[PDB]
Amino acid sequence: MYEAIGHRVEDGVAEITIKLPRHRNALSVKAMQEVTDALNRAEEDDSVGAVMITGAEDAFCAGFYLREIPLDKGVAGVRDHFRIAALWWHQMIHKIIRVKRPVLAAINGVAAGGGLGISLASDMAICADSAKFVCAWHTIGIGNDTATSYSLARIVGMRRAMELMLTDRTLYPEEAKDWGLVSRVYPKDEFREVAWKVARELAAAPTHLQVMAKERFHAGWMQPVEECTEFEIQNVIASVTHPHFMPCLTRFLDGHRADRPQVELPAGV
Amino acid sequence: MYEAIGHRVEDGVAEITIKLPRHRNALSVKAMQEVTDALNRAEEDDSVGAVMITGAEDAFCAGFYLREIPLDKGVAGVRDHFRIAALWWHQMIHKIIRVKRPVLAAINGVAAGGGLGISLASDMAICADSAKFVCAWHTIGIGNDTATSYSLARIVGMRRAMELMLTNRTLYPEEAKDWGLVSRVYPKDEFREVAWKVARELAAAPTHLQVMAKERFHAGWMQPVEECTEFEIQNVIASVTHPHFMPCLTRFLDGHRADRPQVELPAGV
Amino acid sequence: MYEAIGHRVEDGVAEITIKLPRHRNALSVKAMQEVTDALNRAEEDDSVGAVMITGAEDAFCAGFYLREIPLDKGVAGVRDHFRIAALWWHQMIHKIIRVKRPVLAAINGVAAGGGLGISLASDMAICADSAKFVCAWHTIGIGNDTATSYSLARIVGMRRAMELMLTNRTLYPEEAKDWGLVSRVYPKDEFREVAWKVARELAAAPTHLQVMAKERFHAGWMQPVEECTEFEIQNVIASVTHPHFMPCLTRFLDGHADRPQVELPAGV
Amino acid sequence: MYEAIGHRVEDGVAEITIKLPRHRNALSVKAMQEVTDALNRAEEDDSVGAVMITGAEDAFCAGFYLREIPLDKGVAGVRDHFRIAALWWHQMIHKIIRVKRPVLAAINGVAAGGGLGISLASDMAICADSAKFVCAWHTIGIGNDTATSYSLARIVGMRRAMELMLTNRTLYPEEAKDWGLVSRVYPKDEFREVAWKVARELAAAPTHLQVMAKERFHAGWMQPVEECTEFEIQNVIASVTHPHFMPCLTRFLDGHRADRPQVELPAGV
Amino acid sequence: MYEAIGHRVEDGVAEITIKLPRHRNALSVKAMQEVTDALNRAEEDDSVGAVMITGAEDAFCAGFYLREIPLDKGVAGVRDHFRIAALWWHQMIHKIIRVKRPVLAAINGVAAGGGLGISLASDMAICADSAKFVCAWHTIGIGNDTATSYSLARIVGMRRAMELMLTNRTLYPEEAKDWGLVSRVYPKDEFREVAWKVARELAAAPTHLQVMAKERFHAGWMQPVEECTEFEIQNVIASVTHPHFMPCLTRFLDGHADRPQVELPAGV
Amino acid sequence: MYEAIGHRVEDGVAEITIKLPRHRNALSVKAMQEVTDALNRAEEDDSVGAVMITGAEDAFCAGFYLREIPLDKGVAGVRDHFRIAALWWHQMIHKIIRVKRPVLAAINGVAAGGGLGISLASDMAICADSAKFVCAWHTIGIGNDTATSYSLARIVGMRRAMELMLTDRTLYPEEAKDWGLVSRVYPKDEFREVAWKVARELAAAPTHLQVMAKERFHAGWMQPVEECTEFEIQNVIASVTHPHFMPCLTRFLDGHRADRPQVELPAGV
Ligand SMILES: [Ca+2]
Ligand SMILES: [Ca+2]
Ligand SMILES: [Ca+2]
Ligand SMILES: [Ca+2]
Ligand SMILES: [Ca+2]
Ligand SMILES: [Ca+2]
């Protein structure tokens, strides 16, 4: 089906692969449209319980596909293009945050500009020890976007966000982990496999509860406590009404205990 | 007086103990009502300078009291119980956050679900080396609440908040501290004493200024700088008019440094 | 010339020096007013690309100049002083956050009360290994201000913000860095020079782009994603329309983006 | 079933009647709890399409039930009663606003204090020509509540809201209508019938779309346009997937105009 | 040239005409896209000082072009169409509110669903005595959109907004004016001309100042007073620094401010 | 005392008179400072129960004092001036909205630019039949300020606000009243007297309750209902604790009834 990205649905995971390895996996306008499409479809698929965004080969995503920028048609040309890709970049970004599925960013290589935006917009993020993160905007002479003014500070605090953007420094895995930018780091050679198992475990876990958590996290950052608890309680009520409930309860009371977390992230490095 | 909680007021500290050790200090509907009452009372007691919440024995609070959920009244019976419990759990959580007293969560053991919510709603938190934290909602099949959509990310950032909720893994003291969930960790055997001493200091410190700081912190998170300052200024003017001020100014002019601590947190482990 | 602060403009950097060394660089009402003026001027100056705030000597800023407080006019005299002082302090704190230039806080030493406030309001912050931070408000007996109810938790999260204020604990460099309060720590001896290098770089960096990011960061903290992106897009369009654009592109294209704009030495 | 309110469900309408005529329909703590319960029940009744709140006889609701305030227990007794009553008054007010059903306030007489709060929290309001509205808080010496700080200005603008609260004057039907406080006024003798008919229409109209509109209105007041649209879009997509849609599209394509009313409000006086 | 809409640029006014008269000026996906483009262009054109949105003939805009809905692809086909359509409709609604030009909505006739949305999103609105407004959403069976959850209550208050949507009542000009939905009402016959005059004036009015006000109004609705004033101040400074300033001053000073910028005939 | 404005405290009212009649009462930088001062003092004066802002003679306030603008010193000069007056204009505006006293704007003549800002910032507004309102900004070539982007729409709705600013039209009393911009209009010859009596009645009414209402109105416009009710309840509790309370209650129960509103605004014209 898709012609600009890799995609598959297997074992409950809708896996989207950014695919333009020769150009570091930068995202073309058509690919972005496909990514948005695939997210829409994932959310509409009862068989899908989670989404995985990863890059082909050794790069995650190098951001804007600079080579699509028309040089043959003046300022207007350049602008008209940006308007177009900007639209798509954002439709895509918003979707990752709004989609009714947990989204895992398996950062397998470099993430720059929009690629970093992607990793920040996702719900969970893990990376290879060979990965790296860089804003890149300030270097190419373009204003920051891809929701970086939303997501970054929400994850690393205002100061670190500011620093990264202003210095255009490259953030390595250890530091990214420390920052909370990634949860775990895994050896390059084992990454794919690790990431694929995490994805499947996220898919297998109860989507309903996951979505409740995800939407409340985004909403609650900006709301007062009493407003947060009202939407939280609505979820509670809905959740105890759902068929998934009683069985969990009975199992607890019966003496069953889980020998492992819902989603296991191995220690990594 | 209270029949489902432990309570005592000494040395300027109103100490609330979650008490149902046989059931890991899970919080009953009756108990939650008593905690709120106790919180209201503390705020009205001139002799109380701080509140401390802790658990009996070796557990902090196991969250929802699952054993009081009706099982012989259908989904309706279930739904009904949760509506009630939910009202009281949130009236309590909100009270911890709005109470005109600094609240120290002395986490002496496991804190799960609503127990973790309590920990996160408090103003300060310290724990024993044997304590542990877990979301647990998902495992039991319930949507998350107890203000986790408000408090968690405000403390650990959105990424870590999402992670903990989604994986449902157990967070241990060292990591909790690293995340900002607890300020310090103490050996189990020294914990109680250490905590009482911290509570006393908090109690002895200037309540009026504490309340100003507490309210401003909650409010300011969501306000633009110019509005925050207006409210801060109103507090400044009120504080320099309060009788507490002059004498401090005097001491300072007389060589006593303002870097003197109000509360001494021992290093711990 | 200013009378209450130090002020240098070099290599596109307008350096503001808090200067009242005998009294730990506490900020007097006059000084505050000059800081704000210096801010406005910097932004007005096409030559200036960055602003650096630092203290004279070995101290950053001890906060409110308590020795300015009138004691011969009763409570009302106290109150009146604080009203004027509060006005100026906040006009200045606001400026730092709103000014159309990147602001580097070079914390050469102790930062207390309003001095910490200054530290938190700045866009970037680095300190000398001999620096320290303390709230002070709770001991001096004054309600917290200088936008601490805005900036502290934004930088260190709610729990740490609350702790710091309530305990009146002093924060040393290692912890400050860990907390995100400062990006790097440097040896007292190498400090000023490191700081100047950084500042120079920031200055050279593309100002327009820096402002976009700055403004966006402050605004976005409180906005839903779809509103954030509308503002980011506007910036994007404006930027690709600006002269600075093509050459960067062309260059990238040509062979010449992961290149650091501002090098921040690892320090200690 | 209920002992302090009148209640009935007919023709798709759950009708809640504030009933304490001898005391001008002031709302007792017991009564308020019943109203909330009734609201919860309506939202869960497939056969209820709308809720109508009105008063017995010739008064709508005189607000706080002043005669149940303890007088032989000091300020404490007073304070205690108000904390309780306050919890229940707000649980009810919030429920009117959050309930997943359109709520019509059929103001058949005076609405004072909390009575006016009820009127303002409802989704739609109409009144008899003999109705009247008054803040009353100040006269009785109490700070205003019942969400007047939320609802009043959202309906009449800040100036008129301030004015009414500060002057404490009685607003009559014509002015109320002019202010937007009521949509229409009807002769006392025709009121009840007119209101039941309006309620039935509201009940018969598409609840799902009503709820979408209601929630969006409350939320959107405080949200920027791009966020509002995202949520509106999610509703659009859900509504065109709902079975209700196709048949309407069909009718329209078959010449039936979308200007057909869902609810017919008679001119009144 | 556009293919789905009418588009005139005269006397600094870029006039956008919704044009699908056979179908009551419903907006097709193509058309939407052109409206947005026309918006961008207007803002890009130093010659254009205002934008006017109106409908062809006797109708303003009947909303969603329901005849574009695919019926041969099942539910999914429906859904897919609406996803694309929703995208375009909102990109356009947003533009109207965000565009850096004043936007006048000249409601020459019926405005339903998205057409009302358009009406609400515009900066100013006037209608012909033959116009009318109706939500339509609740009868057509579609959840409300086109920013109605944003703009309606902002204009008419929560109670009236809710009523209108829930009853699906049609609003005639007298009421619309009373409600604040339109500023003036004019005879069908004099309409277009009145509208053009107004538009021309808006166009001539100082654009920079108009944008400042527009942006501020949208932003301020949700901000505390001290943040509002910071943004208003910035605008003030920018404006007194702009060429346009002095002459106005000088003039005032000289003898030549209560003079109407845009005359709005009393109409009926 | 003051040298640039008229001022007096009498019968519980702190009356501030803008005084520069030759220049239509435009506000000079020094006067603005005095106004702010007088507001500060009013709030600190136990004898003051309300504030009245009015203009001298036949003009209310013509706004910025254009004649203070330096022409002898280039762009910089003009800018430096604006920076200064802007600061004061806003300190003043904010104060009217934040001051712990009800503020009545007795608009006795023309209100332009900042003068209109003043009338919008006040808590209650009434005018003479000879008064008029005009933005004026767009005409003098200056961006709108004085909190017009806060206050106007809050009072008249977004459309009317936009219109007024964009057209720079002059709004007459009848229309201003209709808009909710003023509550009442009185004949020029009786205005002063009417306004003076309203002021005294606002002063005589319970300041504590007035402030509660005022602050909650400004805050609540932007807050969700559950957050609004929490601050509302805090006021309730405080109010029933206050000595003013019991007496009101007892009087009610005893059979006393007020023969008039707290603050009587006569019908006017
Ligand atoms: Ca899943
Ligand atoms: Ca204390
Ligand atoms: Ca620069
Ligand atoms: Ca219905
Ligand atoms: Ca123009
Ligand atoms: Ca008073």
Side-chain angles (χ1 to χ4, degrees), chain D residues 11-13 49-50 102 104 123-124 126 183-184 194-214 235-236 239-240 242-268, chain E residues 20 22-27 55 58-69 71 78 82 107 109-120 127 130-146 148 152 156 160-176 179 181:
Chain D
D11 310 324
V13 182
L104 170 69
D123 306 304
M124 286 189 48
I126 59 168
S183 285
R184 300 291 163 91
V194 173
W196 252 90
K197 179 190 217 220
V198 169
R200 281 178 218 124
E201 301 183 355
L202 259 185
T207 308
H208 70 289
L209 308 177
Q210 296 180 323
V211 174
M212 293 167 175
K214 181 178 172 161
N235 287 342
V236 170
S239 71
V240 310
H242 189 296
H244 177 88
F245 177 64
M246 286 295 327
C248 296
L249 176 55
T250 295
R251 287 262 171 84
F252 174 78
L253 285 175
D254 187 26
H256 304 85
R257 292 165 181 79
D259 62 353
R260 181 180 38 99
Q262 285 294 317
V263 189
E264 207 84 59
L265 287 180
Chain E
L20 214 193
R22 61 176 191 299
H23 288 145
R24 298 288 178 270
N25 300 330
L27 256 192
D58 283 343
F60 180 68
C61 173
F64 202 85
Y65 191 24
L66 310 152
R67 285 173 182 291
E68 274 200 312
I69 305 172
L71 310 165
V78 175
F82 275 93
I107 310 138
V110 68
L116 166 59
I118 286 176
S119 56
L120 299 171
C127 73
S130 35
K132 52 201 210 176
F133 307 84
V134 64
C135 278
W137 281 282
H138 296 200
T139 288
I140 191 69
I142 304 168
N144 71 288
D145 71 339
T146 66
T148 49
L152 188 61
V156 314
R160 283 165 176 183
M162 186 96 63
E163 187 258 293
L164 185 76
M165 187 69 64
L166 295 171
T167 63
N168 200 54
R169 193 161 67 81
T170 292
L171 205 74
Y172 298 100
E174 197 180 76
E175 192 169 14
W179 278 22
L181 206 159

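In the text below, chain A, chain B and the rest are named by the order of the sequence lines, each starting its count at 1. Note: hydrogens, waters and symmetry copies are ignored here, and every other heavy atom, side chains too, is used.
With contacts defined as side-chain heavy-atom distances shorter than 4.5 Å, the pair E:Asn144/D:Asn235 does not qualify. A heavy-atom distance below 4.5 Å is not found between the side chains of D:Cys248 and E:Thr139. Contact of the E:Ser130 side chain with the E:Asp58 side chain is not registered, since no non-hydrogen atoms from C-beta on lie closer than 4.5 Å. When side chains are defined from C-beta on, E:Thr167 counts as touching D:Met124, because their heavy atoms get closer than 4.5 Å. Side chains of E:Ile69 and E:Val78 form a contact here, defined as non-hydrogen atoms less than 4.5 Å apart. In this structure, E:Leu171 and E:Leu181 have side chains that are in contact, with non-hydrogen atoms separated by less than 4.5 Å. Looking at E:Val134 and E:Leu116, their side chains never come closer than 4.5 Å, going by heavy atoms from C-beta outward.
Salt bridge status for E:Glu175 with E:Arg169: present, with a side-chain N to carboxylate O gap under 4.0 Å.
Shortest non-hydrogen contact noted between E:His138 and D:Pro206 is O-CG, 3.7 Å. Residues E:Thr146 and E:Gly113 approach most closely at OG1-O, 4.3 Å, considering heavy atoms. Of all heavy-atom pairs spanning E:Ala131 and E:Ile107, the tightest one is CB-O, 3.6 Å.
Residues forming a side chain to side chain contact (heavy atoms under 4.5 Å, CB included) with D:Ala50 (at least two apart in sequence, or on another chain): D:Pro102, D:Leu202, D:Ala203. Taking E:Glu68 as the reference, nothing meets the salt bridge (charged side-chain N to carboxylate O under 4.0 Å, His left out) condition, with sequence neighbours excluded. Partners of E:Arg67 under the side chain to side chain contact (heavy atoms under 4.5 Å, CB included) rule, at least two apart in sequence or in another chain, are D:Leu253, E:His23, E:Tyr65. Listed by chain and residue number, D:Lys214 satisfy the salt bridge (charged side-chain N to carboxylate O under 4.0 Å, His left out) test with D:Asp123 (two or more places apart in sequence, or in another chain). Every residue two or more places apart in sequence or in another chain was checked for a salt bridge (charged side-chain N to carboxylate O under 4.0 Å, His left out) with E:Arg24, and none qualifies. Qualifying side chain to side chain contact (heavy atoms under 4.5 Å, CB included) partners for D:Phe252, counting only residues two or more places apart in sequence or in other chains: E:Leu66, E:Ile140.
For the atom pair CG of E:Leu166 and CD of D:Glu201, the computed distance is 12.5 Å after rounding to the nearest 0.5 Å. The CE atom of D:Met212 sits 11.0 Å away from the CG atom of E:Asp145 when rounded to the nearest 0.5 Å. Going from atom CG of D:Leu104 over to atom OG of D:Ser183 covers 9.0 Å, rounded to the nearest 0.5 Å. To the nearest 0.5 angstrom, E:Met162 atom CE is 10.0 Å from E:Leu152 atom CG. The line from CG of E:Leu20 to CG of E:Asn25 is 6.5 Å long, rounded to the nearest 0.5 Å. One distance of note links CD of D:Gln210 with CE of E:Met165; it measures 12.0 Å at 0.5 Å rounding.
Crowding of D:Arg200 atom CZ: a count of heavy atoms from other residues, nucleotides or ligands under 6.0 Å exceeding 12.
With D:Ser239 contributing its side chain and E:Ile142 its backbone, the two residues share no donor-acceptor pair below 3.5 Å. Side chain of D:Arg184 to main chain of D:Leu265: a donor-acceptor pair is present (N/O by atom type, distance under 3.5 Å, no hydrogens or angles).
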**Request:** Evaluate the side chain to side chain contact (heavy atoms under 4.5 Å, CB included) criterion for residues E:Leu71 and D:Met246: first the C-alpha distance (whole Å), next the side-chain angles of each, then the deciding distance (0.1 Å), finally the verdict.
**Result:** CA-CA 10 Å; E:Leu71 310 165; D:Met246 286 295 327; 4.1 Å; yes
**Asked** Does the side chain to side chain contact (heavy atoms under 4.5 Å, CB included) test come out yes or no for E:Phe64 and E:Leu27, once each step is laid out?
**Response** CA-CA 6 Å; E:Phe64 202 85; E:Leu27 256 192; over 6 Å; no
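D:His244 and D:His208 have perpendicular rings, their planes meeting at more than 60° on a 0 to 90° scale where under 30° would count as parallel.
Ring pair E:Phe133/E:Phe60: centre-to-centre distance not below 6.0 Å.
Side-chain N/O atoms of E:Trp137 and E:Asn168 include no donor and acceptor closer than 3.5 Å.
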